[PDB]
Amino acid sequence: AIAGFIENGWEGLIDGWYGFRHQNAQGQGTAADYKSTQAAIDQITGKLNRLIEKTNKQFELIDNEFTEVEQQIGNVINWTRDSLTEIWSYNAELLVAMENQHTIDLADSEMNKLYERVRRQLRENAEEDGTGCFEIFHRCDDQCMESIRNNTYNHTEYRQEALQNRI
């Protein structure tokens, strides 16, 4: 028994982010989908985009670690600094968490888009099982499966058989 993404993930898919698992008379197989994998991987370079805000700007010493500055201005400086620190700490944590949400959401989004695309290829020849699979209502040998994976499948070629089996 095989199951799609609504149920869970696939520990065995080590070749890509998204993929197809099938069952037919010839047996059972899993293959990564290259295009959607790259698509996802390509929106992942946050690290130097998080870094592309890393400054053009050079800062100098404003106080003195060896010979303490006078008390009043030392208090103003120290206060200002810890104030900027609160703010950057807050910015950094917010940026990371926003990036994290975007990354998670967009991963689901891509998986969902692949799923929708396959559903539309299959037209009236298949039904959704509720777990992220399509029950295909006609024989689909290995080559037919391949044609679903590479977006070649011609629903009209199996329509008549599939409709009969559905009804």
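Note that residue numbering follows the sequence shown and begins at 1.
- With 36 to 44 and 128 to 136 compared on mean CA B-factor from the PDB entry, the stretch scoring higher is 36 to 44.
- Across the two stretches, 87 to 95 and 70 to 78, the PDB entry reports the greater mean Cα temperature factor for 70 to 78.
- The PDB entry assigns the greatest CA B-factor among 30, 56, 101, 121 to 56.
- Sort the modelled residues of the chain by CA B factor and residue 14 lands in the highest third.
- Annotation for residue 50: CA B-factor lies in the highest third of the chain's modelled residues.
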